[PDB]
Amino acid sequence: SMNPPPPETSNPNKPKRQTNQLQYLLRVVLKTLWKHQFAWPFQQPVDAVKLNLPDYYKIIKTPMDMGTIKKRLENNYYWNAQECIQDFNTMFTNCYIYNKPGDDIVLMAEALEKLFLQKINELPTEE
Ligand SMILES: CN1CCC(c2ccc(Nc3ncc(C(F)(F)F)c(Nc4ccc(Cl)c(NS(=O)(=O)C(C)(C)C)c4)n3)cc2F)CC1
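Here the sequence shown stands for residues 13 to 139, where the numbers follow my numbering.
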C-alpha cells in the first residue's frame, strides 16, 4: 500500500501574498515548533511504507506536515495567514483522528499544538 505524492508546495497561478502575519507564521510559529524535541515525526510526509502502515493514506485523505508548511512559507505560497493556520490544524487533527488516545505520537502532537496555540494567540494584527 503505497505513499501518495506529497502536498503541493509551488503553484505560479495561485494568488499569493507576503504579509507580516505570514512572516510571523514562519519566523515564530514554524520555527518554534520545528526546533522542539518532539518535532521530528512531523517534519516531513509520513513514509507509511517504511512505518508499515498500509491503511494510513487510506484514512488520512488530506495529509499535512511541517516540512510541507515550511516549504509553502519559504515559497510565499499562501494568500493569507488563515490558509497556513489551517495547514497546522489539519496536521494536528489528522494525528488525533488516526491514532489512539494517549499514544506517544498523540502526546508529541499535543505538546506542539499547545505551543502553536500560544503563538497564534499572539498573532500580530495585519499591517
Ligand atoms: C507497533 N508499532 C507501533 C508504532 C507504529 C506506529 C503507530 C502509529 C503511527 N502513527 C503516526 N501518526 C501520525 C504521525 C505524524 F506524521 F503526524 F507525526 C506519525 N509520524 C511518525 C513518524 C515517524 C515515526 Cl518513527 C513514528 N513512530 S511513533 O511510534 O509514532 C513515535 C514517534 C516513535 C512515538 C511516527 N505517525 C506511526 C507508527 F510508526 C506502528 C507499529
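Beta carbons are placed, not taken as given, at the ideal position from N, Cα and C, and that holds for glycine.
- Of the candidates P24, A93, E122 and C96, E122 places its Cα closest to the Cα of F104.
- DSSP places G114 in the coil class of the three-state scheme, outside both helix and strand.
- Judged by their CB atoms, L129 and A93 are not nearer to each other than the 7 Å cut-off.
- Here the stretch 38 to 50 makes no contact with the stretch 61 to 73; the two share fewer than three CB pairs at distances below 8 Å.
- Under a 10 Å Cβ-count criterion, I81 is classified as buried, with 16 or more other Cβ atoms of the shown protein chains found around its own Cβ.
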